[PDB]
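All of this is worked out from the model, or read from it or from the source named; nothing here is a laboratory result. Backbone-built Cβ (ideal geometry, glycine too); neighbour counts: all protein chains shown.
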Amino acid sequence: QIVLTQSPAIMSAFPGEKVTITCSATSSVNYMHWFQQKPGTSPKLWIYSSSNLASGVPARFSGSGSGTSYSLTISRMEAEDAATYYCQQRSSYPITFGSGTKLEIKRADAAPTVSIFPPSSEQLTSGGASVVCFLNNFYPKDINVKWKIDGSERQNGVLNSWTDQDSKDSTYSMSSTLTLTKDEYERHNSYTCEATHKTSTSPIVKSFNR
Amino acid sequence: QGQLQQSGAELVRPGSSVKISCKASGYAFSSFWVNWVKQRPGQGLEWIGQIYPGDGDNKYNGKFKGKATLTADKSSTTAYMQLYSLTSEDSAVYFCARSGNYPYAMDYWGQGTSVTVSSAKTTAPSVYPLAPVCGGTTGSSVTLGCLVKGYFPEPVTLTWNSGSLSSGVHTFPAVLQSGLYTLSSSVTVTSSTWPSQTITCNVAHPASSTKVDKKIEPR
């Protein structure tokens with residue numbers, strides 16, 4: 001029952017910075033292995049027996065520790081180093097993994113481009129109405145989205161989804177969908193998508209009149 | 001030297017059971033232990049157990065004693081794991097991993113196999129074309145969309161123009177609308193590209209041999 005605690009649980013770094021993740025056990029361990037896992041794939045062996053780099057990992061990585069505390073270090077951060085890093089104990093039973101650390105790649109601020117899409121005739125035929133809004137390519141993940149029908153806010157029938165940090169530009173995208181019955185829909189005239197992001201002091205809005 | 005093949009996605013009803021395989025494709029199969037690890041959505045890794053094919057020995061993580069049972073076909077160098085009395089907690093992605101000597105580092109891992117324990121029935125999706133409302137989009141010229149509504153097994157393939165159009169796309173993770181899923185994708189093209197040319201979202205849902213095509217026609 002050796003529990004391995006990882007600090008920090010999440011963090012971001014600009015390229016060029018030095019990063020140091022730590023793994024700590026409840027009792028002395030002979031060594032720790034480290035794995036790296038990019039979203040949507042199987043983990044890779046990164047560092048074996050505390051300091052031996054596995055195959056293909058660049059020289060910016062290094063490990064060390066003994067007893068209960070071990071750590072991983074990157075001399076200078078680089079975009080492709082973004083992923084989750086797990087530390088693993090195997091000098092006992094059962095074998096245990098660490099909580100995990102998600103490393104994000106920082107970048108200069110970028111504001112989202114908004115787009116509002118009314119329901120389609122086909123869906124209306126069926127009698128339902130989904131209005132979609134795309135908040136694309138903004139950096140700081142924190143963003144707030146609200147919907148207004150004829151000036152009134154509505155937080156019911158709202159479904160949101162977020163993409164993973166983009167590989168080519170390190171940015172983010174978000175989608176917001178509001179589903180109503182054709183009745184509720186044709187019983188109003190204005191629909192507004194409103195986002196509040198740090199790149200602006202006032203909320204950004206996009207709207208269409210039915 | 002190195003390649004492991006796991007099974008395709010599974011959907012089992014609660015109470016049921018599954019048998020999944022991992023195939024050794026290029027090394028001394030009965031010379032190393034095979035490990036099975038579990039990972040729940042957006043969560044961490046957990047060690048199940050290992051088996052040494054050669055002499056069929058095995059070690060099990062306590063937590064998974066009655067639930068797990070490991071086996072392997074030496075003739076075909078394949079590992080097998082069966083789960084029992086499946087519940088909502090058993091929904092996760094499972095991995096097979098090969099151990100080595102001394103350090104005992106799991107060098108190569110399998111691609112992973114997804115398991116869903118549910119009572120919902122397989123439903124097909126609905127593909128609606130999202131045409132823009134002149135001006136409702138900001139820069140980068142023009143942005144189009146494609147909404148995919150109401151399907152149950154999570155796998156869905158979405159592409160633009162059969163693949164010819166890959167730059168400037170964004171497909172968003174799927175969300176669960178009470179028993180069903182919804183997904184959406186966008187493509188930002190240049191102004192002189194759209195009506196002049198053609199954009200079509202292609203969607204196909206494997207669990208129901210459905211293949212829809214929606215041409216984005218302007219309003």
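Could you check the stretch B:183-211 and list, in sequence order, the residues that are assigned to a strand (DSSP E or B) and under 21 Å from A:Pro118 (Cβ atoms)?
B:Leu183, B:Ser184, B:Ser185, B:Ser186, B:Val187, B:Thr188, B:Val189, B:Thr200, B:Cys201, B:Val203
Residues to consider are B:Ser162, B:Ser88, B:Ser186, B:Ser99; find the one that is touching a residue at least 12 places away in the same chain (Cβ under 8 Å), over 19 Å from A:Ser176 (Cβ atoms), within 14 Å of chain A (Cβ to nearest Cβ) and among the small types (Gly, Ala, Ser).
Only one candidate passes the filter, namely B:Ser99.
Search the stretch B:189-209 for residues being among the hydrophobic types (A, V, I, L, M, F, W, C) and under 14 Å from B:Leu158 (Cα atoms), and hand back the single one that is nearest to the other protein chains (Cβ to nearest Cβ).
B:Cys201
Against the conditions (1) within 13 Å of chain A (Cβ to nearest Cβ); (2) crowded, with 16+ Cβ neighbours inside 10 Å; (3) not β-branched (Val, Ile, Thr), where does B:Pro153 fall short? Just the number, please.
Going through (1) within 13 Å of chain A (Cβ to nearest Cβ); (2) crowded, with 16+ Cβ neighbours inside 10 Å; (3) not β-branched (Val, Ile, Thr) one by one, B:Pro153 breaks only (1).
Pull up the stretch A:89-126, narrow it to residues that are at the interface with chain B (Cβ under 8 Å from one of its Cβ atoms) and among the charged types (D, E, K, R), then point me to the one that is farthest from A:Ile21 (Cα to Cα).
Within the stretch A:89-126, the match that is farthest from A:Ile21 (Cα to Cα) is A:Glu122.
Checking the structure you have, find out if any residue of the stretch A:99-119 is surrounded by fewer than 19 Cβ atoms within 10 Å (Cβ to Cβ), farther than 28 Å from B:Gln50 by Cα and free of Cβ contacts under 8 Å to residues at least 60 places away in the same chain.
yes
How about the stretch A:129-173: which of its residues are in a loop (DSSP other than H, G, I, E, B) and among the charged types (D, E, K, R)?
Scanning the stretch A:129-173 gives A:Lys141, A:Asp142, A:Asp150, A:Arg154, A:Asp164, A:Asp166, A:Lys168, A:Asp169.
Which one of B:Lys19, B:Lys38, B:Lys121, B:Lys23 is charged (D, E, K, R), in a loop (DSSP other than H, G, I, E, B) and in contact (Cβ under 8 Å) with a residue 12 or more places away in the chain?
Checking each option against the conditions leaves just B:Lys121.
Any idea which residue in the stretch A:174-191 is farthest from B:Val169 (Cα to Cα), counting only those that are in a strand (DSSP E or B) and either of a type in the set (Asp, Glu) or in contact with a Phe, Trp or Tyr (Cβ under 7 Å, 6 or more places away or on another chain) (or both)?
A:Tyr191
Within the stretch A:3-23, can one find any residue that is without any contact (Cβ under 8 Å) to a residue 12 or more places away in the chain, in a strand (DSSP E or B) and in the same structural domain as A:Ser71 (by CATH)?
No - not one qualifying residue is present in the stretch A:3-23.
In the set A:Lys198, A:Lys182, A:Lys146, which member is in contact with a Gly (Cβ under 6 Å, 6 or more places away or on another chain) and in contact (Cβ under 8 Å) with a residue 12 or more places away in the chain? Before you say what the answer is, go through the steps one by one.
Values: A:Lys198 fails: in contact with a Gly (Cβ under 6 Å, 6 or more places away or on another chain); A:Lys146 fails: in contact with a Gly (Cβ under 6 Å, 6 or more places away or on another chain).
Every option except A:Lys182 fails the conditions.
Give the stretch B:56-101 a look and list any residue that's in contact with a helix residue (DSSP H, G or I) (Cβ under 8 Å, 6 or more places away or on another chain) and not hydrophobic (A, V, I, L, M, F, W, C), or say none.
B:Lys67, B:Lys74, B:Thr77
Determine if the stretch A:157-167 includes at least one residue that is among the acidic types (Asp, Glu) and surrounded by 12 or more Cβ atoms within 10 Å (Cβ to Cβ). Write out each step before concluding.
Just the residues of the stretch A:157-167 that are among the acidic types (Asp, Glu), to begin with: A:164, A:166.
If we keep only those that are surrounded by 12 or more Cβ atoms within 10 Å (Cβ to Cβ) as well, we get A:164, A:166.
Yes, there is a match, as at least one residue in the stretch A:157-167 is among the acidic types (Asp, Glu) and surrounded by 12 or more Cβ atoms within 10 Å (Cβ to Cβ).
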